[PDB]
There are 2 protein chains.
Amino acid sequence: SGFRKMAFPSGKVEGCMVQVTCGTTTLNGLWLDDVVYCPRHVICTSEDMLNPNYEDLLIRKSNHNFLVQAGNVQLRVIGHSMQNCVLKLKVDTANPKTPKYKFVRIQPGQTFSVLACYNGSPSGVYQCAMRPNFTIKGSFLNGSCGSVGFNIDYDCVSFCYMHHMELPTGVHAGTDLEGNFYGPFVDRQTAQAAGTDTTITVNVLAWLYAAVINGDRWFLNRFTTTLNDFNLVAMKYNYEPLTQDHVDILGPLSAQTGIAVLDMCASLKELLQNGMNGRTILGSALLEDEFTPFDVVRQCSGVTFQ
Amino acid sequence: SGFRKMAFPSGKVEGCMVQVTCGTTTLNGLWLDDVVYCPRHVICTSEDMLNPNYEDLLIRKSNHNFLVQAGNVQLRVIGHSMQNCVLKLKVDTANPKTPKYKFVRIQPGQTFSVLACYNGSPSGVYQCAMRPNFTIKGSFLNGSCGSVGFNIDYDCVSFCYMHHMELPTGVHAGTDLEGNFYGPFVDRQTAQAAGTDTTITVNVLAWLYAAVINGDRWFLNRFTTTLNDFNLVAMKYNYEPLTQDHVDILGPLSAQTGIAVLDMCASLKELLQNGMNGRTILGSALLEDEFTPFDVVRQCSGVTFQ
Ligand SMILES: *[C@H](O)[C@H](C[C@@H]1CCNC1=O)NC(=O)[C@@H]1C[C@@H](OC(C)(C)C)CN1C(=O)OCc1ccccc1
Ligand SMILES: *[C@H](O)[C@H](C[C@@H]1CCNC1=O)NC(=O)[C@@H]1C[C@@H](OC(C)(C)C)CN1C(=O)OCc1ccccc1
């Protein structure tokens with residue numbers, strides 16, 4: 001038993017991380033086969049970063065302008081191109097540690113592990129959720145650009161996120177590995193800001209089931225509610241609408257605990273209207289919304305990866 | 001910016017993890033050079049596990065009774081011995097992935113990363129603190145024994161914890177890598193229980209500094225307090241006494257924020273006596289005590305590992 005914010009083992013991604021330097025900008029790259037992927041704003045100077053024509057900026061670059069360091073080994077760049085907001089540096093060496101991988105784009109509400117990196121060296125790993133407003137509440141300092149987010153499915157690394165920038169509220173914005181931003185953000189200097197968020201209702205319900213599995217039952221009740229009546233409360237507390245597909249996804253957890261999904265909705269309704277009255281759930285005094293139903297089943301059952 | 005519960009990159013430990021089976025018990029082992037380390041209760045049956053003479057149990061074992069699997073490769077055991085509560089299985093092959101390592105025992109209040117494993121396959125990584133009562137609030141299911149906790153210092157893995165068992169409150173108990181239990185727990189069947197815990201005061205102060213660094217200032221004040229007067233409040237709320245060495249350790253964070261340690265103590269005093277009044281700190285409605293001053297400086301500054 002127990003429930004922790006749990007990241008995937010990071011080894012498979014650690015072996016892909018390299019340092020990319022161009023001009024005076026140093027950031028991280030992801031080295032898979034003979035390509036290094038990194039944010040295209042690496043080609044920018046501090047005055048470039050004010051309304052860039054990236055195509056013009058890139059045609060003025062040379063392969064030798066890109067210093068790529070894999071550990072203490074230099075990688076010769078032999079080609080360069082842009083794909084949307086990422087740069088693809090072709091190197092003369094395929095990464096012998098390339099895991100089986102996929103580039104996947106995730107949905108707001110889904111989680112992934114982030115391997116925070118500086119100077120091509122992994123620093124830490126932690127779990128993030130894609131917020132409904134397409135930001136992530138990460139932990140990133142200067143030099144962290146090019147750090148990736150990912151999930152692992154058996155032996156296959158599904159990369160879903162590349163870090164680009166921090167927004168004024170201290171949250172983070174980036175792209176998928178095709179270079180397409182999550183959300184309405186751009187890699188040019190503007191007053192862009194996160195914009196309004198909501199709470200991920202289905203995840204809170206999953207976490208309430210995690211709590212019950214782990215012995216926290218004080219918020220349970222014999223009350224029930226209808227889906228529509230719950231969704232009226234959800235709206236009032238800035239929670240995402242609950243769909244029948246969410247209810248279906250919560251089936252296995254409902255079955256394991258014997259608490260009907262709509263009963264757990266009634267419990268969430270009371271927690272929203274009443275608060276917790278000085279009590280905690282899984283060591284939290286807040287309703288947690290960054291665990292998916294998958295995450296709860298993963299941890300309250302025990303799957304591994306090879 | 002941002003602040004997350006952050007584990008160390010797990011790759012160096014992933015390459016050490018193996019599966020140890022003896023009789024009908026399967027658990028994890030740690031393979032370093034030509035030794036596999038694992039909990040000695042692997043030699044126990046469900047009726048052995050009632051008042052064992054482990055020395056008698058072990059003399060009845062043979063090398064071939066121990067099936068050691070490193071991935072899909074079997075490791076021939078060529079010797080076996082006990083060191084306290086761990087077993088040392090000598091194998092005919094040194095682990096080519098052995099990192100530079102040390103066996104260190106940590107202090108209550110210190111943190112470490114746990115690589116949860118099942119069947120020798122890493123499942124997840126997360127950060128834990130050694131509670132003052134020598135338990136850890138982990139996430140462990142059956143088969144997780146032999147999962148290790150560790151810190152990484154530049155390139156060197158300091159192993160500090162091997163998992164053995166879950167206590168009736170759902171918290172976890174284990175040993176250092178010399179096989180010496182953390183706390184008053186034994187690897188035989190008893191009604192042993194955690195016993196009373198306290199809050200790690202110096203860590204809460206570190207986390208309050210993390211909050212200030214990250215822009216959370218609402219709990220600050222111009223009040224100050226004395227060390228003795230703060231420690232009277234600490235006692236009343238079941239917080240650990242704050243020592244002058246704790247104050248000294250908090251110096252760099254105090255200096256970076258410009259908030260005297262004793263001023264932050266005054267703030268903690270008010271938070272203890274008043275609560276938060278519906279506000280949060282670093283996304284928490286509770287005072288968090290599982291980040292050390294080191295952890296805060298690591299994340300609010302950005303160190304890496306090679
Ligand atoms: C790349 O390593 C870096 C990572 C951020 C620095 C602080 N936290 C981060 O996540 N990203 C940046 O520095 C990006 C590049 C610039 O963005 C464009 C103009 C769109 C190209 C500026 N920027 C950024 O994050 O600015 C906000 C910021 C906040 C805090 C500190 C520095 C910068
Ligand atoms: C080893 O993989 C296993 C891990 C625990 C199972 C559930 N959560 C865990 O952390 N450890 C055990 O099964 C240990 C071995 C036995 O302990 C001795 C008698 C001291 C040898 C029993 N045990 C244990 O953890 O019992 C409590 C328990 C709680 C919940 C589920 C199963 C067992």
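Every residue number used here counts from 1 along the chain in the order it is shown.
Looks like X-ray crystallography, 1.6 Å, at least that's what the header says.
Backbone N, Cα and C define each Cβ position, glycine as well.
Annotation source Swiss-Prot lists domain 'Peptidase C30' at A:1-306.
As annotated by Swiss-Prot, ubiquitin cross-link applies to A:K5 (among others), with the evidence given as experimental evidence. Residue environment of A:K5 (ubiquitin cross-link) contains 20 other Cβ atoms, counted within 10 Å of its Cβ in all protein chains.
Annotation source Swiss-Prot lists active site, for 3CL-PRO activity at A:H41. Less than 8 angstroms from the CB of A:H41 (active site, for 3CL-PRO activity) sit A:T25, A:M49, A:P52, A:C85, A:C145, A:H164, A:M165, A:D187, each of them six or more residues away in the same chain.
Classification of A:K90 (ubiquitin cross-link) by DSSP places it within a strand. The annotation ubiquitin cross-link is assigned in Swiss-Prot to A:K90 (among others).
Using a 10 Å Cβ-Cβ cutoff, A:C145 (active site, nucleophile) registers 25 neighbours. Under the heading active site, nucleophile, Swiss-Prot lists A:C145, citing experimental evidence as support.
When the alpha carbons of A:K90 (ubiquitin cross-link) and A:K5 (ubiquitin cross-link) are compared, the span between them is 36 angstrom. A:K90 (ubiquitin cross-link) counts 16 other C-beta atoms within 10 Å of its own C-beta, drawing on all protein chains shown.
In sequence order, the recorded positions near chain B (CB to CB under 8 A) are A:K5, out of A:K5, A:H41, A:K90, A:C145. By the rule that a residue counts when its Cβ sits under 6 Å from some atom of ligand 1, the recorded positions A:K5, A:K90, A:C145 yield A:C145.
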